[PDB]
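Trainee: Shown below is the structure under consideration.
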Amino acid sequence: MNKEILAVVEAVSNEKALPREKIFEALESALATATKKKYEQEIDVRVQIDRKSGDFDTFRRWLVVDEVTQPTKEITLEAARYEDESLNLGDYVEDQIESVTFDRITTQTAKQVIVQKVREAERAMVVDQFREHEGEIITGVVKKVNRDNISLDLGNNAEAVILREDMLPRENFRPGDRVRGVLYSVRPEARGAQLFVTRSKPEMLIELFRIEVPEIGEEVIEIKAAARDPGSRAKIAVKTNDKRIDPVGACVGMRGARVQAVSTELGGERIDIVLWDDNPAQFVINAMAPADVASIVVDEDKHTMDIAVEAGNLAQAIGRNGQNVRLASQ
Amino acid sequence: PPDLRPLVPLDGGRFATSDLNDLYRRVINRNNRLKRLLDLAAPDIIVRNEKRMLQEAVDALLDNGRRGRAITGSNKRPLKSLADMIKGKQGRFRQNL
Amino acid sequence: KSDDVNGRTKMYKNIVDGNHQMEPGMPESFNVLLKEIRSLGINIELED
Amino acid sequence: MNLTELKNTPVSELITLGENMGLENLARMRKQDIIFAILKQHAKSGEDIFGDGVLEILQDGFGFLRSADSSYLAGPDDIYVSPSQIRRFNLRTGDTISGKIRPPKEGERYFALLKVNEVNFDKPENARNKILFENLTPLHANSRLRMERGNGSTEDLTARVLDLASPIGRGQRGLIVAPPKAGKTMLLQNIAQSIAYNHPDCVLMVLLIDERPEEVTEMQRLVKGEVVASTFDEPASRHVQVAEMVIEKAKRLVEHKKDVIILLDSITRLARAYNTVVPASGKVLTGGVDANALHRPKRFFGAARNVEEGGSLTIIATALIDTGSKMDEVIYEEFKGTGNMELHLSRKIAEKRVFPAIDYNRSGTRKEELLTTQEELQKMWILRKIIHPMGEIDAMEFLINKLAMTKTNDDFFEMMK
Amino acid sequence: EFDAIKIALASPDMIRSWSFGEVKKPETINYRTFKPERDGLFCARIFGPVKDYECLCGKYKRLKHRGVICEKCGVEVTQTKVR
RNA sequence: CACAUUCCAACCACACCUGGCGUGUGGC
Ligand SMILES: [Zn+2]
């Protein structure tokens, strides 16, 4: 009976994680699905269980449209003179009352839809409370590994997914370690995992600097350009707003003190820390650095840039896979 | 042997027991009572009657009904002894061998 | 087929494996009779 | 090749070392599998290994040697020990042991202990000549553990007020009573720093039960001492496990005539854990705590005492109050009159961002006459009489100002005349 | 396997040799718990383990402890067929 | 130092049931 409904709403474990209002909304959906499965005809029904004053009372939704298929839920947009509508849309009736909500199939569908709704609500809640920290480095142990994606736990049943594109090709995972990344995507409507954390994207590098470099975070050394090759090489152009600070001794550190740390965090990724410049020439010279550039050709109609490197420094300006150029193109 | 003695948990607190169990229990009871009476220096006639009762119990366990008084354990029916589990059309030879 | 506590299982395992051959063993009820006679004041014993 | 030599260095050194040793990519494995595979491949070259770790008794009879890298938990690199060694050399929980070890032999999966060389920093020959814990005669604290640095740094005030509010001694029983976000962490860090500086002879250990990982990683590199912790990443089974581990380590060390000082944070988390791992006994009171759910916290706390033959066990745990749930309160309730020394921090003082926020007269130490001298005790009484009529907050500010003018407390005492 | 069967009288020493214990209590089992008595008509240390490879006190229930008796009840952990 | 075992990705082991005995009735 309704006493059983109150006992159910009071005997939940996650009481505030899914409050009485949304509990009774899920129960309304349960009873609506039950009444739908009762009659062979399809009819939308609202319940309004009356959380604290009274019991439930089913109704009959019309879904006012000019169609006639299954007229149990069909009524024209002009039927408003008798039965006291007086509307254009939204005209619903309260004809059928006092259905049964405790038999076998009703209990089964109720339990099923309640499980579904509570798990969905708790997943969406534990993801949404972390959504405010989008674009930050977070800790947390991984849960399970697979050939397509991995799972991470941020504490208090916080499920996060990391897809294969977010993982590095030779990134190493084992249930037990704390793989740290940056939250980048949230989809609170996803049927499954929706907390997306990445480490292959350049923004993580910024966040990496945000947890390592004290210069960044105060907007004194702005991170302007960033291109990546997972596990191979990251080309970053960071500008200096002041004059007495050199990124080769500030962003790089003291003889590879910061660049080495972010490389080990990224799993051995070469990090070319150069200076951003308002001139495309110096920008592309710093992009292919270190090298010896003796040419510059610019074309704004085709947006192309030709750099004839010196004879012999090919492996110094192109190298493996042309990364020194490809990342520059990126 | 214990499992060779029929004793199965019936429906409820009651157990389906064998007729040999009652015999062995009565034998043990009278033996313990006799051992107690021998320590308290009971009168000669009392220990005589106790020995007679223990003899009755052990011969009933051996072959009930042969002494002349077929004692019953339940349902006012003759009890099943060790000799009864061998003789007749219900012993081991006629039924289980 | 009836009494061998360790023969019927062996026979079933042989038959399901396509082996139509038996093992004598010893009937359990015979050991039961041996114990029952032994429970009396009578000693029954198997020789060599 | 020792176990600790790979136990303490960071993961990066392990990476370069295994990459040098010509390994499968070790970056795919856990720290414990890293050390396991490296020790495997080292023994595959023909070296006899040495190792160390704290023993844990299992109910099947055999024991397992854990490290502080796993926070004393089950891992692939745990060293198996037979029950017969536990018999002959008289081993038990808490006995830290170092000696000859080998990788698991053919078909096994855990290291084996060959030859015992050090039992609780002692010869294994005298390890059988030990005194038990419950047979000890406890006492009050007589030796003073001075917490003042004397250098007069800015944060050192939070230590000097210690010597002015609640004295500490070897084997003291201290309870920190404070609401959340009042300044318990910085207080505990200063306590650990001052103890490790002024008393480097006594072993210093800290308990972090259901804490944040950032606090753990900041603690493990701020204090000069081996720390153990357990965040909320793990079930309460891990918390109770590390609880027996640390308490038995302290017990065996004090049995070896050593002074142990444990800083536990927080006892409320530990009580929640003990309550949630204990089965229901049908005895429920307000808050949702079982009646026997508190026997384990009572045991862990009553483990503190001052031994007469030598050594002592000081246990200083922090409790949480004003957390909105009555259950926590009930915990603090049974821990109200159990301790003989308390540090009461009121949120009313911490709300003004004036640190340290310590309630003076609500704090105190029982039988503190045996910890300090006569001059110091008289000056403490005079200071208490001066601070009593005034309130909490600006009176604490008054103490902070009077402490900041002088360099050490000798000048403060002389000025108070 | 074996030759002819021999039957004769049972000497008291022969009975004691056959005996793996002595039943003293006239009780068989308990009402609440269905476990057998200590040394009644249905005993464990006298006849054998009621369950397969599991002692009466539950201390030695694994196959590794199979073959030995306990320290309190003293029941040789084996199959129940020994009963 | 020695005896002796080593508590956990599918799954192997953790299975399945009242003729104790009597009475009554019926059939061959
Ligand atoms: Zn047992």
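Chains as they are written, first to last, in the deposited numbering: chain A, 1 to 330; chain B, 246 to 342; chain C, 1294 to 1341; chain D, 1 to 417; chain E, 16 to 98.
The beta-carbon is built from N, C-alpha and C at its ideal position, and this holds for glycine as well.
1) Here's the rule I'm using: 16 or more other beta-carbon atoms within 10 Å means buried, otherwise exposed. How should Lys-379 (chain D) be labelled?
2) Rounded to whole angstroms, what is the Cα-Cα separation between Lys-115 (chain D) and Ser-82 (chain D)?
3) What separation, rounded to the nearest whole angstrom, lies between the Cα atoms of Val-248 (chain A) and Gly-99 (chain D)?
4) If you measure from the CB of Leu-78 (chain E), is any heavy atom of ligand 1 nearer than 7 Å?
5) Anything with a beta carbon under 6 Å from a heavy atom of ligand 1 counts; list them all in chain order.
6) For chain C, find out if any of its Cβ atoms is closer than 8 Å to the Cβ of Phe-57 (chain E); answer yes or no.
7) Reducing DSSP to helix, strand and coil, say where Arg-144 (chain D) ends up.
8) Establish whether the CB of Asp-177 (chain A) and some CB of chain D are separated by less than 8 Å.
9) Chain E partners of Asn-266 (chain B), CB-CB under 8 Å?
10) Hey, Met-245 (chain D) and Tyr-360 (chain D): beta-carbon distance below 8 Å or not?
11) Under 8 Å Cβ-Cβ, which residues of chain E neighbour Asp-1341 (chain C)?
12) Do three or more CB pairs link the region 209–222 of chain D to the region 260–270 of chain D at distances below 8 Å?
13) Are there 16 or more other CB atoms within 10 angstroms of the CB of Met-396 (chain D), so buried, or fewer, so exposed?
14) Going by Cα to Cα distance, which pick from A:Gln-129, A:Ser-263, A:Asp-166, A:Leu-168 is closest to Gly-155 (chain A)?
15) For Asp-156 (chain D), which of helix, strand or coil comes out of DSSP?
16) Chain E partners of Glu-1338 (chain C), CB-CB under 9 Å?
17) Quick one: residues in its chain with C-beta nearer than 7 Å to the C-beta of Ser-1322 (chain C), no 5 flanking neighbours on either side, listed in chain order?
18) Assuming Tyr-80 (chain D) is part of the beta strand (DSSP E), what are its boundary residues?
19) Rank D:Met-341, D:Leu-371, D:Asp-69, D:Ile-349 by C-alpha distance to the C-alpha of residue 482 (chain D) and give the top, closest one.
20) Contact between the region 268–286 of chain B and the region 300–315 of chain B: three or more CB pairs below 8 Å?
21) Would you check if the distance between the CB atom of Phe-301 (chain D) and the CB atom of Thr-276 (chain D) is smaller than 8 Å?
22) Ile-79 (chain D) and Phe-62 (chain D): beta carbons closer than 8 Å?
23) Return the chain-ordered list of same chain residues with a C-beta closer than 7 Å to the C-beta of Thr-93 (chain D), the five sequence neighbours on each side being excluded.
24) Within the chosen definition, does the region 165–173 of chain A reach the region 24–38 of chain D through at least 3 CB pairs nearer than 8 Å?
25) Is the distance from the Cβ of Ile-176 (chain D) to the Cβ of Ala-317 (chain D) below 8 Å?
26) Less than 8 Å separating the beta-carbons of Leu-279 (chain B) and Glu-295 (chain B)?
27) Nearest to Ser-143 (chain D) by CA position, among D:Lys-283, D:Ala-304, D:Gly-311, D:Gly-391, is which residue?
28) Taking Cβ-Cβ distances shorter than 7 Å, what residues in chain A pair up with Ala-280 (chain D)?
29) Using only the alpha-carbon positions, how far apart do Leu-383 (chain D) and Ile-245 (chain A) sit?
30) Taking only runs of the alpha helix (DSSP H) that begin and end inside the region 11–87 of chain A, which ones reach a length of at least 4 residues, in chain order?
31) Let me know the secondary structure DSSP gives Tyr-184 (chain A) once reduced to three states.
32) Any C-beta of chain D within less than 8 Å: which residues of the region 264–276 of chain A qualify?
33) Would you say the beta carbon of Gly-18 (chain D) comes nearer than 7 Å to a heavy atom of ligand 3?
34) What does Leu-1326 (chain C) reach in chain B if we use C-beta pairs closer than 7 Å?
Mentor: According to the data block:
1) The residue in question, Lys-379 (chain D), is buried, as its Cβ has 16 or more Cβ neighbours within 10 Å.
2) When rounded, the distance between both Cα atoms is 12 Å.
3) Cα to Cα, the separation comes out at about 48 Å.
4) For ligand 1, not one heavy atom lies less than 7 Å from the Cβ of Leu-78 (chain E).
5) Taking each Cβ in turn, the ones that pass are E:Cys-70, E:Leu-71, E:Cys-72, E:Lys-74, E:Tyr-75, E:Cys-85, E:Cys-88, E:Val-90.
6) It does not; no Cβ of chain C falls within 8 Å.
7) In the structure shown, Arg-144 (chain D) falls within a strand segment according to DSSP collapsed to helix, strand and coil.
8) At least one chain D Cβ lies under 8 Å of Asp-177 (chain A).
9) Under the 8 Å cutoff, chain E gives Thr-43, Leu-56.
10) No; because the gap between Cβ atoms is not below 8 Å, this pair is not in contact.
11) Those are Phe-17, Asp-18, listed as they occur along chain E.
12) As far as the Cβ criterion goes, the region 209–222 of chain D touches the region 260–270 of chain D, which means the pair count is three or higher.
13) So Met-396 (chain D) ends up on the buried side.
14) For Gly-155 (chain A), the nearest C-alpha among the options comes from A:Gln-129.
15) Coil at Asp-156 (chain D), not helix or strand.
16) Identification of chain E residues near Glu-1338 (chain C) by a Cβ-Cβ cut-off of 9 Å yields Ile-20, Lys-21, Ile-22, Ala-23, ordered along the chain.
17) Closer than 7 Å at the Cβ level, and outside the excluded window around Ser-1322 (chain C), lie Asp-1296.
18) Segment 79–81, the beta strand (DSSP E) holding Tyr-80 (chain D).
19) Missing from the structure shown is residue 482 (chain D); chain D here goes from 1 to 417 and no further.
20) They touch, by the three-pair rule.
21) No, they are not a contact pair.
22) Not in contact: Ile-79 (chain D) and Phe-62 (chain D) (Cβ atoms no closer than 8 Å).
23) The beta carbon of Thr-93 (chain D) sits closer than 7 Å to the beta carbons of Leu-55, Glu-56, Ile-57, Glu-244, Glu-248 from its chain, once the five residues preceding and following it are set aside; these are given in chain order.
24) Enough Cβ pairs lie closer than 8 Å, so yes.
25) In this structure, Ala-317 (chain D) lies closer than 8 Å to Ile-176 (chain D) by Cβ.
26) Yes.
27) Comparing Cα positions, the closest option is D:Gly-311.
28) Result: empty, since nearest Cβ-Cβ is about 16 Å, beyond 7 Å.
29) One Cα belongs to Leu-383 (chain D), the other to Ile-245 (chain A), and the distance between them is close to 53 Å.
30) Within the region 11–87 of chain A, complete alpha helix (DSSP H) segments of at least 4 residues are found at 20–38, given in chain order.
31) Of the three classes helix, strand and coil, the one that applies to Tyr-184 (chain A) here is strand, per DSSP.
32) The region 264–276 of chain A vs chain D, Cβ under 8 Å: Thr-264, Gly-267.
33) Looking at this structure, you won't find ligand 3 anywhere; what it does contain is ligand 1.
34) Within chain B, the residues near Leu-1326 (chain C) are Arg-337, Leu-342.
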